[PDB]
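One file, query-v6.txt, is given below (compact mmCIF, C-alpha atoms and all ligand atoms).
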```
# COMPACT_ATOMS: atom_id res chain seq x y z
CA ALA A 1 -18.97 24.30 1.38
CA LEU A 2 -15.35 25.33 0.87
CA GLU A 3 -15.14 26.41 4.52
CA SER A 4 -15.95 22.87 5.64
CA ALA A 5 -13.72 21.38 2.93
CA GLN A 6 -10.68 23.32 4.15
CA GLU A 7 -11.00 22.32 7.81
CA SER A 8 -11.81 18.71 6.87
CA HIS A 9 -8.52 18.39 4.98
CA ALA A 10 -6.81 19.87 8.04
CA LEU A 11 -8.12 16.85 9.98
CA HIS A 12 -7.69 13.95 7.53
CA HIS A 13 -5.47 15.38 4.74
CA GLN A 14 -7.41 13.50 2.08
CA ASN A 15 -6.74 14.00 -1.62
CA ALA A 16 -8.37 16.62 -3.83
CA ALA A 17 -10.82 14.10 -5.30
CA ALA A 18 -12.29 13.46 -1.84
CA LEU A 19 -12.58 17.20 -1.16
CA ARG A 20 -14.12 17.85 -4.58
CA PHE A 21 -16.98 15.33 -4.51
CA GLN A 22 -17.80 15.34 -0.79
CA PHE A 23 -18.00 19.14 -0.46
CA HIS A 24 -18.82 20.02 -4.10
CA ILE A 25 -15.96 22.34 -5.03
CA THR A 26 -13.90 23.03 -8.15
CA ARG A 27 -10.93 20.87 -9.15
CA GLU A 28 -8.61 23.88 -8.96
CA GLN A 29 -10.21 24.70 -5.61
CA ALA A 30 -9.53 21.22 -4.20
CA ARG A 31 -6.03 21.08 -5.71
CA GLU A 32 -5.25 24.49 -4.20
CA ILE A 33 -6.11 23.22 -0.70
CA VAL A 34 -3.60 20.37 -1.00
CA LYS A 35 -0.79 22.64 -2.18
CA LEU A 36 -1.72 25.27 0.42
CA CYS A 37 -1.68 22.54 3.08
CA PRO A 38 1.80 22.48 4.69
CA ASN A 39 1.58 18.72 5.36
CA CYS A 40 0.88 17.78 1.71
CA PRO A 41 3.84 18.29 -0.67
CA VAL B 51 2.13 -3.34 -13.58
CA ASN B 52 2.12 -6.65 -11.72
CA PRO B 53 -0.46 -9.39 -12.31
CA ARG B 54 -3.48 -8.01 -10.45
CA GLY B 55 -6.95 -9.31 -9.71
CA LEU B 56 -9.70 -8.95 -12.30
CA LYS B 57 -12.32 -8.58 -9.55
CA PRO B 58 -12.10 -8.07 -5.78
CA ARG B 59 -10.98 -10.74 -3.31
CA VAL B 60 -9.21 -12.77 -6.02
CA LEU B 61 -5.53 -11.88 -5.55
CA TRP B 62 -3.99 -10.14 -2.53
CA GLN B 63 -0.47 -8.98 -1.75
CA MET B 64 1.13 -9.04 1.70
CA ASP B 65 4.49 -7.76 2.93
CA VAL B 66 5.98 -6.23 6.07
CA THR B 67 7.44 -2.72 6.13
CA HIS B 68 9.37 -0.84 8.81
CA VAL B 69 8.17 2.36 10.48
CA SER B 70 10.93 3.28 12.93
CA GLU B 71 8.76 6.01 14.48
CA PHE B 72 6.70 3.26 16.15
CA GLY B 73 9.64 1.94 18.20
CA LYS B 74 8.65 -1.49 19.46
CA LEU B 75 5.78 -1.76 16.94
CA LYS B 76 7.87 -0.90 13.87
CA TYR B 77 6.92 -4.16 12.10
CA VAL B 78 3.94 -2.96 10.05
CA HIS B 79 2.24 -5.82 8.21
CA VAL B 80 0.47 -4.64 5.04
CA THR B 81 -2.22 -6.44 3.02
CA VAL B 82 -3.70 -4.95 -0.15
CA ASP B 83 -6.22 -6.21 -2.70
CA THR B 84 -4.65 -6.10 -6.15
CA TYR B 85 -7.97 -5.17 -7.81
CA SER B 86 -9.62 -2.60 -5.54
CA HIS B 87 -6.46 -1.39 -3.73
CA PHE B 88 -8.36 -1.92 -0.47
CA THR B 89 -5.62 -1.86 2.15
CA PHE B 90 -5.34 -3.27 5.67
CA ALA B 91 -2.40 -2.83 8.03
CA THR B 92 -1.32 -3.61 11.59
CA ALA B 93 1.69 -2.61 13.69
CA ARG B 94 3.22 -5.53 15.59
CA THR B 95 6.28 -6.31 17.68
CA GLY B 96 7.80 -8.56 15.02
CA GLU B 97 7.50 -10.35 11.69
CA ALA B 98 7.46 -13.87 13.13
CA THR B 99 4.96 -16.64 12.37
CA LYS B 100 2.83 -15.67 15.38
CA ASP B 101 2.54 -12.11 14.07
CA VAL B 102 1.63 -13.11 10.50
CA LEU B 103 -1.10 -15.52 11.62
CA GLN B 104 -2.83 -12.85 13.70
CA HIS B 105 -2.50 -10.24 10.94
CA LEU B 106 -4.05 -12.75 8.53
CA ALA B 107 -7.06 -13.23 10.81
CA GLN B 108 -7.42 -9.45 11.14
CA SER B 109 -7.17 -9.05 7.35
CA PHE B 110 -10.02 -11.53 6.87
CA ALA B 111 -12.38 -9.70 9.24
CA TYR B 112 -11.42 -6.41 7.56
CA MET B 113 -11.46 -7.46 3.89
CA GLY B 114 -12.94 -10.96 3.53
CA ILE B 115 -11.34 -14.07 2.07
CA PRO B 116 -9.19 -13.95 -1.09
CA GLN B 117 -8.55 -16.85 -3.42
CA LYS B 118 -4.79 -16.21 -3.61
CA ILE B 119 -2.21 -14.25 -1.61
CA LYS B 120 1.21 -13.19 -2.92
CA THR B 121 4.11 -12.69 -0.50
CA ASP B 122 7.89 -12.55 -0.80
CA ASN B 123 10.21 -15.37 0.34
CA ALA B 124 10.38 -14.30 3.99
CA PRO B 125 10.98 -17.17 6.47
CA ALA B 126 7.70 -16.55 8.31
CA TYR B 127 5.57 -16.66 5.15
CA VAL B 128 7.08 -19.96 3.92
CA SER B 129 6.78 -21.59 7.35
CA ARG B 130 4.66 -24.69 7.90
CA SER B 131 2.19 -22.91 10.20
CA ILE B 132 1.32 -20.41 7.46
CA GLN B 133 1.14 -23.09 4.76
CA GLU B 134 -1.15 -25.34 6.81
CA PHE B 135 -3.22 -22.36 7.99
CA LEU B 136 -4.05 -21.25 4.44
CA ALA B 137 -4.76 -24.90 3.58
CA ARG B 138 -7.61 -25.15 6.10
CA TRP B 139 -8.91 -21.77 4.91
CA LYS B 140 -8.87 -23.00 1.28
CA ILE B 141 -6.61 -20.07 0.34
CA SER B 142 -3.86 -20.48 -2.25
CA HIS B 143 -0.39 -18.98 -1.88
CA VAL B 144 2.06 -17.89 -4.58
CA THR B 145 5.59 -16.49 -4.76
CA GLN B 154 5.34 -7.00 -5.93
CA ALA B 155 5.24 -3.31 -6.86
CA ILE B 156 1.57 -2.93 -5.88
CA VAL B 157 2.17 -3.58 -2.18
CA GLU B 158 5.44 -1.62 -2.29
CA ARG B 159 3.49 1.42 -3.48
CA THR B 160 1.04 0.72 -0.66
CA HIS B 161 3.98 1.02 1.75
CA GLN B 162 4.68 4.46 0.28
CA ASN B 163 1.01 5.45 0.44
CA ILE B 164 0.70 4.34 4.07
CA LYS B 165 3.91 6.06 5.20
CA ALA B 166 2.85 9.22 3.36
CA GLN B 167 -0.50 9.39 5.16
CA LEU B 168 1.12 8.59 8.52
CA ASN B 169 3.47 11.58 8.22
CA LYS B 170 0.61 13.97 7.42
CA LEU B 171 -1.43 12.93 10.46
CA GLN B 172 1.10 13.87 13.18
CA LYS B 173 0.94 17.60 12.43
CA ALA B 174 -2.84 17.63 12.92
CA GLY B 175 -2.72 16.35 16.49
CA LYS B 176 -1.22 13.90 18.95
CA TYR B 177 -2.25 10.24 19.01
CA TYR B 178 -2.18 7.61 21.75
CA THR B 179 -0.49 4.60 20.11
CA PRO B 180 0.70 3.61 16.64
CA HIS B 181 -2.56 1.63 16.51
CA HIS B 182 -4.48 4.90 16.87
CA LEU B 183 -2.38 6.58 14.17
CA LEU B 184 -2.63 3.59 11.82
CA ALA B 185 -6.41 3.25 12.21
CA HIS B 186 -6.81 6.89 11.15
CA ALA B 187 -4.46 6.45 8.18
CA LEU B 188 -6.33 3.35 6.99
CA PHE B 189 -9.67 5.17 7.30
CA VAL B 190 -8.51 7.96 4.97
CA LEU B 191 -6.91 5.72 2.33
CA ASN B 192 -9.86 3.32 2.16
CA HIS B 193 -12.97 5.34 3.04
CA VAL B 194 -12.09 8.95 2.15
CA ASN B 195 -9.58 9.11 -0.70
CA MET B 196 -11.26 8.52 -4.06
CA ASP B 197 -10.37 8.01 -7.72
CA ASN B 198 -11.22 10.26 -10.67
CA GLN B 199 -14.82 8.98 -10.87
CA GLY B 200 -15.40 9.49 -7.15
CA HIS B 201 -15.20 6.00 -5.62
CA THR B 202 -13.34 4.91 -2.50
CA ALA B 203 -11.31 1.74 -2.15
CA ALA B 204 -14.08 0.35 0.07
CA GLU B 205 -16.74 0.98 -2.58
CA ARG B 206 -14.58 -0.68 -5.23
CA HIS B 207 -13.89 -3.60 -2.88
CA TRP B 208 -17.63 -4.13 -2.23
CA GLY B 209 -19.19 -3.14 -5.55
CA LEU C 56 -32.82 3.99 6.99
CA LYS C 57 -29.53 3.50 5.12
CA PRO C 58 -26.02 2.46 6.20
CA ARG C 59 -23.58 4.65 8.15
CA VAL C 60 -26.37 6.88 9.49
CA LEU C 61 -26.85 5.66 13.08
CA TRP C 62 -24.44 3.50 15.09
CA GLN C 63 -24.62 2.01 18.57
CA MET C 64 -21.64 1.50 20.86
CA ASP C 65 -21.32 -0.20 24.25
CA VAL C 66 -18.80 -2.34 26.11
CA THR C 67 -19.49 -5.95 27.05
CA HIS C 68 -17.64 -8.36 29.33
CA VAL C 69 -16.14 -11.70 28.28
CA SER C 70 -14.48 -13.18 31.36
CA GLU C 71 -12.70 -15.82 29.25
CA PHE C 72 -10.31 -13.10 28.03
CA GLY C 73 -9.02 -12.22 31.50
CA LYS C 74 -7.20 -8.89 31.32
CA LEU C 75 -8.78 -8.11 27.92
CA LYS C 76 -12.36 -8.77 29.08
CA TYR C 77 -13.54 -5.25 28.11
CA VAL C 78 -14.92 -5.94 24.63
CA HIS C 79 -15.98 -2.69 22.96
CA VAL C 80 -18.78 -3.26 20.44
CA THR C 81 -19.91 -0.99 17.61
CA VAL C 82 -22.77 -1.95 15.29
CA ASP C 83 -24.51 -0.20 12.41
CA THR C 84 -28.24 -0.07 13.12
CA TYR C 85 -29.19 -0.54 9.45
CA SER C 86 -26.86 -3.24 8.07
CA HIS C 87 -25.93 -4.91 11.40
CA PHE C 88 -22.28 -4.61 10.34
CA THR C 89 -20.39 -5.24 13.57
CA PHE C 90 -16.89 -4.32 14.76
CA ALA C 91 -15.40 -5.23 18.14
CA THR C 92 -12.11 -4.98 20.03
CA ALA C 93 -10.88 -6.53 23.27
CA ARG C 94 -9.12 -3.97 25.48
CA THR C 95 -7.68 -3.77 28.99
CA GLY C 96 -10.41 -1.38 30.15
CA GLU C 97 -13.35 0.84 29.26
CA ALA C 98 -11.52 4.12 29.84
CA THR C 99 -11.57 7.15 27.54
CA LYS C 100 -8.24 6.09 26.02
CA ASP C 101 -9.76 2.71 25.16
CA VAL C 102 -12.92 4.23 23.66
CA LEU C 103 -10.96 6.72 21.53
CA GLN C 104 -8.78 3.97 20.04
CA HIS C 105 -11.79 1.69 19.49
CA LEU C 106 -13.48 4.62 17.73
CA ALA C 107 -10.53 5.08 15.37
CA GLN C 108 -10.51 1.34 14.61
CA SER C 109 -14.28 1.40 14.05
CA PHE C 110 -13.90 4.17 11.45
CA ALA C 111 -11.27 2.29 9.43
CA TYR C 112 -13.44 -0.84 9.66
CA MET C 113 -16.88 0.64 8.94
CA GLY C 114 -16.54 4.27 7.81
CA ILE C 115 -18.02 7.39 9.36
CA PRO C 116 -21.58 7.46 10.76
CA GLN C 117 -23.74 10.54 11.16
CA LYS C 118 -24.81 9.71 14.73
CA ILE C 119 -23.65 7.37 17.50
CA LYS C 120 -25.78 6.18 20.43
CA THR C 121 -24.13 5.09 23.68
CA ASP C 122 -25.28 4.60 27.26
CA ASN C 123 -24.41 7.01 30.09
CA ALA C 124 -21.01 5.46 30.84
CA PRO C 125 -18.44 7.93 32.25
CA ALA C 126 -16.00 7.39 29.37
CA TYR C 127 -18.58 8.08 26.65
CA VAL C 128 -19.80 11.32 28.25
CA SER C 129 -16.25 12.54 28.93
CA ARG C 130 -14.95 15.75 27.37
CA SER C 131 -12.32 13.92 25.30
CA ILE C 132 -15.06 11.93 23.56
CA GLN C 133 -17.25 15.01 23.13
CA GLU C 134 -14.43 17.08 21.61
CA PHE C 135 -13.14 14.16 19.53
CA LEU C 136 -16.51 13.60 17.85
CA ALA C 137 -16.83 17.37 17.42
CA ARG C 138 -13.83 17.59 15.08
CA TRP C 139 -15.07 14.50 13.22
CA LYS C 140 -18.47 16.21 12.64
CA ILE C 141 -20.28 13.28 14.27
CA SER C 142 -23.37 13.76 16.43
CA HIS C 143 -23.69 11.87 19.71
CA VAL C 144 -26.82 10.76 21.57
CA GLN C 154 -30.25 0.08 23.08
CA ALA C 155 -31.60 -3.37 22.24
CA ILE C 156 -29.73 -3.65 18.92
CA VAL C 157 -26.24 -3.52 20.44
CA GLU C 158 -27.32 -5.80 23.30
CA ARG C 159 -28.32 -8.44 20.75
CA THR C 160 -24.93 -7.92 19.10
CA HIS C 161 -23.29 -8.83 22.41
CA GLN C 162 -25.22 -12.11 22.37
CA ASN C 163 -24.32 -12.79 18.74
CA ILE C 164 -20.63 -12.11 19.39
CA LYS C 165 -20.46 -14.25 22.53
CA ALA C 166 -22.32 -17.06 20.74
CA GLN C 167 -19.81 -17.19 17.88
CA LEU C 168 -16.89 -16.97 20.32
CA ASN C 169 -18.09 -20.10 22.14
CA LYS C 170 -18.43 -22.10 18.91
CA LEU C 171 -14.90 -21.34 17.71
CA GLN C 172 -13.00 -23.02 20.58
CA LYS C 176 -7.10 -23.22 19.45
CA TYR C 177 -6.27 -19.52 19.01
CA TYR C 178 -3.30 -17.38 20.01
CA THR C 179 -4.88 -14.37 21.75
CA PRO C 180 -8.39 -12.99 22.29
CA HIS C 181 -7.58 -10.75 19.32
CA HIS C 182 -7.16 -13.86 17.15
CA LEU C 183 -10.45 -15.37 18.35
CA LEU C 184 -12.36 -12.10 17.92
CA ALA C 185 -11.06 -11.49 14.39
CA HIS C 186 -12.36 -14.93 13.38
CA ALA C 187 -15.72 -14.29 15.05
CA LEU C 188 -16.04 -10.92 13.31
CA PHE C 189 -15.12 -12.47 9.95
CA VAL C 190 -17.91 -15.05 10.25
CA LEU C 191 -20.61 -12.65 11.50
CA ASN C 192 -19.85 -9.99 8.88
CA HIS C 193 -18.50 -11.82 5.82
CA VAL C 194 -19.94 -15.35 6.05
CA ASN C 195 -23.32 -15.44 7.81
CA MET C 196 -26.14 -14.29 5.54
CA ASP C 197 -29.83 -13.42 5.70
CA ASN C 198 -32.76 -15.21 4.05
CA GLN C 199 -32.05 -13.59 0.66
CA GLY C 200 -28.36 -14.47 0.83
CA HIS C 201 -26.57 -11.22 1.74
CA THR C 202 -23.83 -10.67 4.31
CA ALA C 203 -23.56 -7.73 6.69
CA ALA C 204 -20.62 -6.44 4.63
CA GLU C 205 -22.66 -6.54 1.41
CA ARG C 206 -25.53 -4.73 3.13
CA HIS C 207 -23.13 -2.16 4.61
CA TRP C 208 -21.68 -1.35 1.17
CA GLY C 209 -24.67 -1.91 -1.10
CA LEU D 2 -21.84 -31.30 1.11
CA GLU D 3 -18.41 -32.76 1.85
CA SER D 4 -16.76 -29.34 1.66
CA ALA D 5 -19.70 -27.72 3.47
CA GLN D 6 -19.35 -30.02 6.49
CA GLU D 7 -15.63 -29.40 7.04
CA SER D 8 -16.09 -25.68 6.36
CA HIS D 9 -18.60 -25.45 9.21
CA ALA D 10 -16.09 -27.34 11.37
CA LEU D 11 -13.70 -24.40 10.87
CA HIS D 12 -15.93 -21.31 11.04
CA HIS D 13 -19.26 -22.62 12.43
CA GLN D 14 -21.26 -20.33 10.15
CA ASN D 15 -25.04 -20.48 9.96
CA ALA D 16 -27.02 -22.75 7.65
CA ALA D 17 -27.80 -19.96 5.18
CA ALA D 18 -24.10 -19.53 4.43
CA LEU D 19 -23.65 -23.28 3.92
CA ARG D 20 -26.70 -23.46 1.65
CA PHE D 21 -25.74 -20.72 -0.81
CA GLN D 22 -21.95 -21.04 -0.75
CA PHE D 23 -21.85 -24.82 -1.29
CA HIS D 24 -25.30 -25.28 -2.93
CA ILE D 25 -27.01 -27.77 -0.62
CA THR D 26 -30.56 -28.27 0.62
CA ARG D 27 -31.95 -26.27 3.53
CA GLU D 28 -32.61 -29.45 5.51
CA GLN D 29 -29.07 -30.52 4.59
CA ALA D 30 -27.55 -27.28 5.87
CA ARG D 31 -29.78 -27.23 8.95
CA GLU D 32 -28.74 -30.81 9.77
CA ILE D 33 -25.05 -29.83 9.77
CA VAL D 34 -25.62 -27.17 12.43
CA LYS D 35 -27.53 -29.53 14.73
CA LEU D 36 -25.01 -32.32 14.09
CA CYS D 37 -22.23 -29.88 15.03
CA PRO D 38 -21.44 -30.34 18.75
CA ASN D 39 -20.48 -26.66 19.15
CA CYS D 40 -23.83 -25.35 17.84
CA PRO D 41 -26.76 -25.87 20.26
MG MG E 301 8.85 -8.90 3.35
MG MG E 302 -22.93 -0.38 28.59
ZN ZN E 303 -3.04 18.06 4.06
ZN ZN E 304 -20.72 -25.44 14.39
```
As structure tokens, how would this structure be written, given the file I've shared?
Amino acid sequence: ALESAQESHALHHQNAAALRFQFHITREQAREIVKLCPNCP
Amino acid sequence: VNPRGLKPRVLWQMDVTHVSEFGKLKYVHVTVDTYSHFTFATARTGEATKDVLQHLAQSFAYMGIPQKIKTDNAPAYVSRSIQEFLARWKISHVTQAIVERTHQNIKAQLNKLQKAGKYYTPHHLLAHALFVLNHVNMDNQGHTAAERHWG
Amino acid sequence: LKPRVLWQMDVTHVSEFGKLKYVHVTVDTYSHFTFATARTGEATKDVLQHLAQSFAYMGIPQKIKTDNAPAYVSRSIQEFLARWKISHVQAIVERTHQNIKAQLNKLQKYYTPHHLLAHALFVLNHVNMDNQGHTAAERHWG
Amino acid sequence: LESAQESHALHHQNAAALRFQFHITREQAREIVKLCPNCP
């Protein structure tokens, strides 16, 4: 699930709430993707 | 905050913002529902009366009909064509931070989307940005702006 | 069986628009929620932009059904839908053409074909209702 | 019915929209569409 969440944010750069519910991942997991994303400060 | 709508399609806000990266289409008209934060936007060649009328028609197909719309005191908005247009449509007009934040939210999403890939026109870029803000991004309880606008 | 599962997409011709006679039409097969744009052609560039506008207007579907037009089967469309995680595969969209052209005729003054089409789409989606009193927008998000 | 008639003159919506939105009879709303010259 997290594998598809990561590459989906790379396409749309949605917020952590969208990554958390759509792909069923932890809050700290979804928040980490946004920080780790270079296009999302 | 500003006086917002108690339920969707009651009170809208509309204002133009400038995206200089669009060149000739830098006049980005923005319309946002004050209740659901459902946002519609178009990039046009100007902010004249002809541009506002077409953006208003596009807003209605995208979001429905509101009871009231709040704009600033721009010449185009206070023109007679706009006043008499909203009169036929039975839409009231009144004379701002909600739509200003929408400007920030739109410009923020636009910047993020370049680094993913190249687009064809500002219309292409803007369509993608609007899709994310309205149909992807969600609140703490997991609802999109579209679901709040039609729920 | 529920909204945003299966869409249909095909271009139709409205000669009253002149240069913008290539009207791209996208319709949800469940809710009949309809989106349309008038473009200068039916090329791959036109389809890609119409697809982006469709997504902002209607959301993401699971599958989209088109005819065998060159643009739709092109590699740009195939690889675009691939990143979007959308699968790709006719009477429903043909009826939509009729419904769009019918509303366009009734509405005749507007500024551009974009103006006319926006009004037509507003009526079909947000005004016209079924026997139990629901619009296509309410069925698409209900 | 007065606001339903002139609303159809603007949008030319179907009779079902006129019936529920403005609260008029079916035969009233159907008559407006026939009476409308742009709706054959
Ligand atoms: Mg302004
Ligand atoms: Mg075809
Ligand atoms: Zn990002
Ligand atoms: Zn009529």
Using all atoms listed in the file, find each residue of chain A with at least one atom at most 12 Å away from an atom of ligand ZN 303 (chain E); report its shortest atom-to-atom pair and that distance in Å (one decimal), sort the rows by chain and rising residue number, and return the result as a tab-separated table.
```
residue	atom	partner	partner_atom	distance
A:5	CA	E:ZN303	ZN	11.2
A:6	CA	E:ZN303	ZN	9.3
A:7	CA	E:ZN303	ZN	9.8
A:8	CA	E:ZN303	ZN	9.2
A:9	CA	E:ZN303	ZN	5.6
A:10	CA	E:ZN303	ZN	5.8
A:11	CA	E:ZN303	ZN	7.9
A:12	CA	E:ZN303	ZN	7.1
A:13	CA	E:ZN303	ZN	3.7
A:14	CA	E:ZN303	ZN	6.6
A:15	CA	E:ZN303	ZN	7.9
A:16	CA	E:ZN303	ZN	9.6
A:18	CA	E:ZN303	ZN	11.9
A:19	CA	E:ZN303	ZN	10.9
A:30	CA	E:ZN303	ZN	11.0
A:31	CA	E:ZN303	ZN	10.7
A:32	CA	E:ZN303	ZN	10.7
A:33	CA	E:ZN303	ZN	7.7
A:34	CA	E:ZN303	ZN	5.6
A:35	CA	E:ZN303	ZN	8.1
A:36	CA	E:ZN303	ZN	8.2
A:37	CA	E:ZN303	ZN	4.8
A:38	CA	E:ZN303	ZN	6.6
A:39	CA	E:ZN303	ZN	4.8
A:40	CA	E:ZN303	ZN	4.6
A:41	CA	E:ZN303	ZN	8.4
```
Atomic distance atom CA of residue C:132 - atom CA of residue C:207, expressed in Å with one decimal: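 Distance reported for this atom pair: 25.0 Å.
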Nearby polymer residues, ligand MG 301 (chain E), at most 9 Å, all atoms listed in the file, as number ranges by chain: B: 64-67, 79, 97, 121-124, 127
Distance-based interface of chain D with chain B, 10 Å, counting all atoms listed in the file, as a list in words: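 Taken together, these residues fit the definition: residues 7, 8, 11 and 12 of chain D.
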Environment of ligand ZN 304 (chain E) within 12 Å, counting all atoms listed in the file, reported as a ChimeraX atom specification: /C:166-172,190 /D:5-16,19,30-41
Distance-based interface of chain C with chain D, 12 Å, counting only C-alpha atoms, as a ChimeraX atom specification: /C:163,166-172,176,183,185-202
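Pocket residues of ligand MG 302 (chain E), taken as those with any atom at most 7 Å away using all atoms listed in the file, are residues 65, 66, 67, 122 and 124 of chain C.
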Build an axis-aligned box that encloses every atom of stretch 7-22 of chain A listed in the file, pad it by 3 Å on each side, and report its centre and edge lengths in Å to one decimal, as JSON.
```
{"center_x": -11.6, "center_y": 17.9, "center_z": 2.3, "size_x": 18.3, "size_y": 14.9, "size_z": 21.3}
```
Residue neighbourhood stretch 82-87 of chain B, 9 Å, all atoms listed in the file, exclusion window fewer than 6 positions, as JSON, numbers by chain: {"B": [52, 53, 54, 55, 56, 57, 58, 59, 60, 61, 62, 63, 64, 113, 116, 156, 157, 160, 192, 202, 203, 204, 205, 206, 207, 208]}
Test item: residues at most 9 Å from residue B:74, only C-alpha atoms, excluding those fewer than 5 positions along its chain, as a PyMOL selection string: chain B and resi 94-96
Near-residue C:113 list (8 Å; all atoms listed in the file; drop same-chain fewer than 4 positions) as a ChimeraX atom specification: /C:59,88,90,109
For atom CA of residue C:111 and atom CA of residue B:80, the interatomic separation in Å (one decimal): 14.3 Å
